[PDB]
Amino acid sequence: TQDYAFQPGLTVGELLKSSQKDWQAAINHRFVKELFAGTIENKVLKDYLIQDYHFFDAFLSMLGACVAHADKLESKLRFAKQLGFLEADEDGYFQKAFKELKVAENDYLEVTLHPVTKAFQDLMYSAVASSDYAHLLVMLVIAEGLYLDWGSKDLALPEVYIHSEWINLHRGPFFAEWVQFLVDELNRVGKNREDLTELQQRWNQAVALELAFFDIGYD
């Protein structure tokens, strides 16, 4: 019944059923509302972005691990394409946002990982350690799929670059096609697996952490 910005199919559709409350709470979080309105306080966005730049570090590693462990050359190449985009456009955003928000390089070194950020990294690095494409895809479908689901909201875009660009990085046909690729891959490789319970446990925990992460800047 629940609609999403992507077409979940069978396996991802099944995984989504147990995380619904967390998923909906995340995409309708205060953070998302205030970002779209342009009303979000700089201190809140700054704190979120500092923690998120650590997410991004482990996130690149997951994409790398998919290039390493995907079973199809075409899939490897699509991951490679996304990695090039992230180095150019997403890292570019972070550097511009930190300059605007007056975050020096060391003002990044010195910020402690929030317990949620630490939990998320642990979970991401365990997917890397598994060398298991399905476990990596669980993490990526959630991170990218949930961000597409809020990014795709029918709300007027805010005028300030540091607001609009964070939305635009998680919105639009290129990102939507990428998310559907990830979903299609998890449906492909997830189809007949013995360890669906383990995948579901990872899935549910990662959605919970996505929701908790949005509270970081409001602490």
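Residue indices: 1-based, along the sequence shown.
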Going by the average Cα B-factor in the PDB entry, point out whether 151 to 159 or 188 to 196 comes out higher.
188 to 196
Mean Cα B-factor check, 31 to 39 vs 54 to 62, entry values; winner is 54 to 62
From the list 80, 138, 97, 123, select the residue with the highest C-alpha B factor recorded in the entry.
123
Compared with the other modelled residues in the chain, in which third is the CA B-factor of residue 45?
middle
Which third, lowest, middle or highest, does the CA B-factor of residue 178 fall in along this chain?
middle
Using the B-factor values recorded in the entry, state whether the Cα atom of residue 19 falls in the lowest, middle or highest third among the modelled residues of its chain.
middle
So, residue 208's CA B-factor, relative to its chain, sits in which third? The lowest
Looking at the entry's B-factor column for C-alpha atoms only, identify whether residue 85 ranks in the lowest, middle or highest third of its chain.
middle
